[PDB]
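Participant: Sharing a structure below in structure tokens format, with a few things to ask.
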Amino acid sequence: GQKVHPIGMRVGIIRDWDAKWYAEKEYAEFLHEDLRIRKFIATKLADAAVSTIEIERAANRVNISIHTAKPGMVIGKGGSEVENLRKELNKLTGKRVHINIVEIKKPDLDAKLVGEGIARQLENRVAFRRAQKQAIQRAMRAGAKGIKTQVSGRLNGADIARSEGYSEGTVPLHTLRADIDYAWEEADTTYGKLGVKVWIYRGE
Amino acid sequence: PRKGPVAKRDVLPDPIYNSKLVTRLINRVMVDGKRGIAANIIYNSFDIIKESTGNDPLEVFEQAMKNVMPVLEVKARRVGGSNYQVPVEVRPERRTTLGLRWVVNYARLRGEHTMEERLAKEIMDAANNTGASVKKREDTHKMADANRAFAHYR
RNA sequence: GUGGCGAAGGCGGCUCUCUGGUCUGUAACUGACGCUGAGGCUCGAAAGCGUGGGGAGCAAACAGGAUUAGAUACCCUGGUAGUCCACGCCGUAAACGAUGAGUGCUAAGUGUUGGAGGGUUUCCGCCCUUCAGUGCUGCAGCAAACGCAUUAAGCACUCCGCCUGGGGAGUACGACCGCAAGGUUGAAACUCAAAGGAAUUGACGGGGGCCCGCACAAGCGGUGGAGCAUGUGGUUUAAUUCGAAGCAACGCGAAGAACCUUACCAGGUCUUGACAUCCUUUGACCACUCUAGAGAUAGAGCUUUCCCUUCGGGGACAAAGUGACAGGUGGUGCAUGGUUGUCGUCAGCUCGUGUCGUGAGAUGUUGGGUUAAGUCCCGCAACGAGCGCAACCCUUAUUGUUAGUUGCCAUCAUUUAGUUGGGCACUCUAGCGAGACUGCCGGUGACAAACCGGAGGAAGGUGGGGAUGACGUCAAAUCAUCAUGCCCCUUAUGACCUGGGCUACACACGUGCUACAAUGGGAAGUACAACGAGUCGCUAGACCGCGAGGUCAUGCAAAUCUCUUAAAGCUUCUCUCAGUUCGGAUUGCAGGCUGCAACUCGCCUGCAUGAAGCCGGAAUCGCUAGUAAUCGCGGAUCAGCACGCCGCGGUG
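Okay, structure coming up:
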């Protein structure tokens, strides 16, 4: 184990906290409420492909904003699903909530999206050598300085584990002003678990 | 080291006598970084020197240093599995190093009731060609100028 | 002497006798008389055999001493055949240039052995030509590559010997030879699908060279000896829960074992369940009081009681049913994800276009110098590029400006005082900028990179320290943080309670603390920091107690108040080299504090007692400057509990 988390090395330097509120003497409750929130809304995320979520909060209201790639399939027909999101989140937080949904542009240039998609092929009995290759091919065409992928575990649904990935372009890791992205997902085909990691360099 | 020779660690001449040798003597008496105690000890010792059958603490101290410092030291070496010893010359800084070292070591082992009653007495005994410090010098000179036998072509 | 001679085996002190071959010049002579050679004969290292001599040194066999798990070996002390001569026999060697003999033809350069010619001519020492030997380098051509190359492994003709996958096997049978040992000749049955030559990239070597690093050397202080704290082995136990095992396990998981934590043990208990979903009856569940009990639980008492209504429903919930189901710190780190250690912050790991090679492949990335550096320069079939290195980030050393409260007090009055009037000058706090770049000056060096010296400046050559850890190595560590494939349990390996281990002690190993004193012990006085923490928390002040502490009370959610007058230091007065006015283990008695409760098993106080220990063998550790050595302060965890851990500053 010999590498630092690339978006924890850079937090507080060129990127911000995904949770921006200041509180004292009400800090444990707020942190676990955020954890509960974020661990809940992985319900719709199972289909709607959400990437981040930003929690702010005021006197007694909680301002939420989620980045997705499916705006209509997450808000409803005329607004009949955000209604449910709010009326469900009120049952947990006991407060007023106000989701302000963002929409993501160029979704193939996002670490969680890419890695979670190319970790759904592995479950459908797909060979890994071309999943990663087509992933970096469709990540370079969007225009990116570099990308690197890596899968691990019992490959092919076979015996003793190994690891291998593929690189395209430069991905400098030691440069602090680099604005790299990163995510780690999981999946199974039928044997144990696999780990997929993905890094994308998008200039600085 | 391996790269090459290094510097010489400049010293700060003490302000009382304006003599860097007294500075090194204070630095050798001091233990655990308690320097004011070492300074009090050296100054009481010099007061004792001048008060009792003395002329000036710098003069008799220099003469004692001159009578103690060595001029021929040997070095026990290894060649290929058999070890011997050979004499060699002695560069100047090592000389005063050894002198101070011996004087302090053999004043510390005297057996009176104060480090001053030991230091003043020992460097007086030294400025008159006496004391285990001078005998240590002569042991060294006798080891050398004898063990030159298996040193003549080293 | 990569000197000479011999067909080969072989031949080295000197003199004589007998004798074989080669080379060079000449041009008297003969006139193709030549080359090769199955079968046959002759010779043939060392060992061995026979007969008779000789025998100093060496030395199979053998004896004795060692070493090792063993040593019928290697090493040491001895020691017989043999090694030597004459005469017979044997007929084999990596008997090798692993290259049969004869003959002609095909570039050059350079050594040496034996001759013959021409010149200059003391040429007898020099230049040129020319025969025959013996070596080195190199072209055409040849070769699978290695390589060979007028001394062919080239181009050609003549004659002889020999080969046809690896084992079985140079074996069996027959035959000739030999005193013997053995030699020469020489199969098959059966069995395998390979066995080989040469070169390529890696990995290893009890192979070599260069370099670097508190790795040795120069030093300063330790560990090992003594008492105590703590972890581990071992033994013990009803249980002493589980994990870690050279460096890279052993003050490690544990940043808090009296109950809890808690997995372990002994007794007392439950079974759709301590915890989750579903479906139905349905639906608002409680808490509180009293007896029995070690509690877990059971038995009785006021009662869990519609919060949506269009008269028609939905949220919380007890029991029951009801079975789907739950539950596992049970196994497998050698089935896995994730997260770490170590080589090591060492300097490496690859690609594109070219060129080289029959081909796998190479080059670049090798060489000189320099550098902390695959960091730079010069040269070079290479020219460029990517991740690594360095930079961008943090803190510390100097200062301009903006802002002066809760910070500060220089020019003024005032008190106990920076306090109150006043001010933001100074210090300080914290946002934004400056400043360090071999940037100038001299020398060295291929003028190059780089190194040595100077100026100026707070700082000079990555100024000091941190974060940052490539491709890979050890099937390294962890199913017990968490997840998870397969296996296992299910009225028990699940679950609830009290009490006991985890702290046991003939011992062995690691990491620490306190000392063995005068550079010290005791009594009185006087000083100087920084990082941090605080609401049911940090406690000002006054009083009571010898003390640890207690009571009444005060400010502060914090540059405002408190924790917090730091300890080594300095100045006086003592004590006198002793097992002591050193040391503070162990035990007796009396208290305090937290907690429902300190017996097993807490921390602290006082009086009494006063052990070992007088600087520690072999061996072994840390450290290159505000560092080592030494001295205190804070806080995470936490009712309470630190010699451990993380930080801070003082002397140096």
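Order-wise, the sequence lines are chains U and E.
Quick note: the first sequence uses my numbering, first residue 3, plus one each step.
Quick note: the second sequence uses my numbering, first residue 10, plus one each step.
For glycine and all other residues, C-beta sits at the position ideal for the given N, C-alpha and C.
1) As an exercise, report each continuous beta strand (DSSP E) stretch of at least 3 residues that is fully enclosed by the segment 55 to 138 of chain E, in chain order.
2) In angstroms, rounded to a whole number, what distance separates the CA positions of E/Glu98 and E/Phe55?
3) How close, in whole Å, do the beta carbons of E/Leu118 and E/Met78 come, if the pair is a contact with beta carbons under 8 Å?
4) Use the C-beta contact count for E/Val40: other C-beta atoms within 10 angstroms, 16 or more gives buried, fewer gives exposed.
5) How close, in whole Å, do the beta carbons of E/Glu125 and E/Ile57 come, if the pair is a contact with beta carbons under 8 Å?
6) Going by other Cβ atoms of all chains shown within 10 Å of its Cβ, with 16 needed for buried, is E/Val80 buried or exposed?
7) For U/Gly205, which of U/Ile138, U/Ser82, U/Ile9, U/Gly148 has the nearest alpha-carbon?
8) When DSSP builds the beta bridges, which residues end up paired with U/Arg164?
9) May I ask you to report which of helix, strand or coil DSSP gives E/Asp23?
10) State buried or exposed for U/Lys114, treating a residue as buried only when at least 16 other CB atoms are found within 10 Å of its CB.
11) Since U/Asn102 and U/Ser67 are thought to touch, with beta carbons under 8 Å apart, how far apart are those beta carbons, to the nearest angstrom?
12) With a floor of 4 residues, list each alpha helix (DSSP H) that falls wholly inside the segment 167 to 200 of chain U, ordered by position along the chain.
13) Ordered along the chain, which non-local residues of its own chain (more than five positions away) have a Cβ less than 7 Å from that of U/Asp110?
14) Is U/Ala180 near U/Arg12, with beta carbons less than 9 Å apart?
15) Among all the DSSP beta bridges, which residues are the ones paired with U/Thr70?
16) Taking the CB atoms as reference points, tell me whether U/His100 and U/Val64 lie closer together than 9 Å.
17) If you follow the alpha helix (DSSP H) that U/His34 is part of, which residue opens it and which one closes it?
18) Out of curiosity, what's the CA-to-CA distance linking U/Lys97 and U/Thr177?
19) Measuring only the C-alpha atoms, how far is U/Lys46 from U/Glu187?
20) Could you tell me which of U/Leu37, U/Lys5, U/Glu83 sits nearest to U/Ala50, measuring between CA atoms?
21) How big is the Cα-Cα spacing for E/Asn138 and E/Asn156?
22) With 16 as the cutoff for other CB atoms within 10 Å, does residue 1 of chain U come out buried or exposed?
Facilitator: Concretely, from the data shown:
1) Whole beta strand (DSSP E) segments, 3+ residues: 82 to 87, 92 to 97.
2) Locating residue 98 of chain E in the second sequence gives position 89, where the first residue counts as 1. Locating residue 55 of chain E in the second sequence gives position 46, where the first residue counts as 1. Cα to Cα, the separation comes out at about 33 Å.
3) For the purposes of this step, residue 118 of chain E is taken as residue 109 along the second sequence, with counting starting at 1. For the purposes of this step, residue 78 of chain E is taken as residue 69 along the second sequence, with counting starting at 1. That pair is no contact at about 20 Å.
4) Along the second sequence, read from residue 1 onward, the residue named residue 40 of chain E stands at position 31. With fewer than 16 other beta carbons inside 10 angstroms of its own, E/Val40 counts as exposed.
5) The sequence position of residue 125 of chain E within the second sequence is 116, counting from 1. The sequence position of residue 57 of chain E within the second sequence is 48, counting from 1. With a Cβ gap of about 6 Å, E/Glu125 and E/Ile57 count as contacting.
6) Taking the first residue of the second sequence as 1, we reach residue 80 of chain E at position 71. Counting Cβ neighbours within 10 Å, E/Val80 comes out exposed, since fewer than 16 surround it.
7) As a working note, residue 205 of chain U is residue 203 in the first sequence. Nearest of U/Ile138, U/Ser82, U/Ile9, U/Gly148 to U/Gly205, Cα basis: U/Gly148.
8) Looking up residue 164 of chain U in the first sequence gives position 162. Answer is U/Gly155.
9) Here residue 23 of chain E is taken as the residue at index 14 of the second sequence, counted from 1. The answer is coil: DSSP assigns E/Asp23 none of H, G, I, E or B.
10) Along the first sequence, read from residue 1 onward, the residue named residue 114 of chain U stands at position 112. With 16 or more Cβ atoms within 10 Å of its Cβ, U/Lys114 is classed as buried.
11) The sequence position of residue 102 of chain U within the first sequence is 100, counting from 1. The sequence position of residue 67 of chain U within the first sequence is 65, counting from 1. The pair is a contact, with the Cβ atoms about 5 Å apart (cut-off 8 Å).
12) none
13) In the first sequence, the residue the question calls residue 110 of chain U occupies position 108. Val116, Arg140, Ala141, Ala144, listed in sequence order.
14) Within the first sequence, numbered from 1, the residue matching residue 180 of chain U stands at position 178. Within the first sequence, numbered from 1, the residue matching residue 12 of chain U stands at position 10. In this structure, U/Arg12 lies closer than 9 Å to U/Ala180 by Cβ.
15) Working through the first sequence from its first residue, we reach residue 70 of chain U at position 68. Per DSSP, U/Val52, U/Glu105.
16) Position 98 of the first sequence, counted from the first residue, corresponds to residue 100 of chain U. Position 62 of the first sequence, counted from the first residue, corresponds to residue 64 of chain U. The answer is yes: Cβ separation under 9 Å.
17) Here residue 34 of chain U refers to the residue found at position 32 when the first sequence is read from its first residue. Where U/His34 is concerned, the enclosing alpha helix (DSSP H) stretches over 30 to 42.
18) The count along the first sequence starts at 1 and reaches residue 97 of chain U at position 95. The count along the first sequence starts at 1 and reaches residue 177 of chain U at position 175. Between U/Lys97 and U/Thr177, the C-alpha separation is close to 42 Å.
19) Sequence index remark: in the first sequence, residue 46 of chain U carries index 44 (1-based). Sequence index remark: in the first sequence, residue 187 of chain U carries index 185 (1-based). Those two C-alpha atoms are separated by around 17 Å.
20) Indexing the first sequence from 1 puts residue 50 of chain U at position 48. Residue U/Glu83 is the option with its Cα nearest to U/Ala50.
21) Here residue 138 of chain E corresponds to residue number 129 of the second sequence, with the count starting at 1. Here residue 156 of chain E corresponds to residue number 147 of the second sequence, with the count starting at 1. C-alpha separation (whole angstroms): 25 Å.
22) With chain U covering 3 to 206 only, the question about residue 1 of chain U has no answer from this structure.
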